[PDB]
């Protein structure tokens, strides 16, 4: 299994950004796909998940209203559209896959991450 994130970089506060995850080595349409992040001085935490049945789940506070998760099963890729970014959104963003979990950080498969910095 390989999960490859892309799209990270430097953005300014208030910007939008799209991250992508390209999956290989698994039957993509049978897995729940999730985005997690690890910001400076914080534990790795849930951002969003899209189940294999297409149901979307978002993390606490500034995720439901600002971010949107989607998947393209034909391309074995999933995306995170981030809006109204803030300096506290600076983090390494990770793609993950699991047949069962949604919010838990205990997903079976993980990518290496893509870094996002949001300047003040």
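Positions refer to the first chain, counted from 1.
Determine, for stretches 7-15 and 102-110, which one has the higher mean CA B-factor as deposited.
Per the PDB record, 7-15.
When the Cα temperature factors in the entry are averaged, is it 31-39 or 66-74 that ends up higher?
Stretch with the higher mean C-alpha B-factor: 66-74.
Is residue 60 in the lowest, middle or highest third of its chain when residues are ranked by C-alpha B-factor?
As the PDB entry reports it, the C-alpha B-factor of residue 60 lands in the highest third of its chain.
With respect to C-alpha B-factor, does residue 1 fall in the lowest, middle or highest third of the chain as deposited?
Its C-alpha B-factor, which the entry lists for residue 1, ranks in the highest third among residues of this chain.
Can you tell me whether residue 81 has a C-alpha B-factor in the lowest, middle or highest third compared with the other modelled residues of the same chain?
CA B-factor rank for residue 81: middle third.
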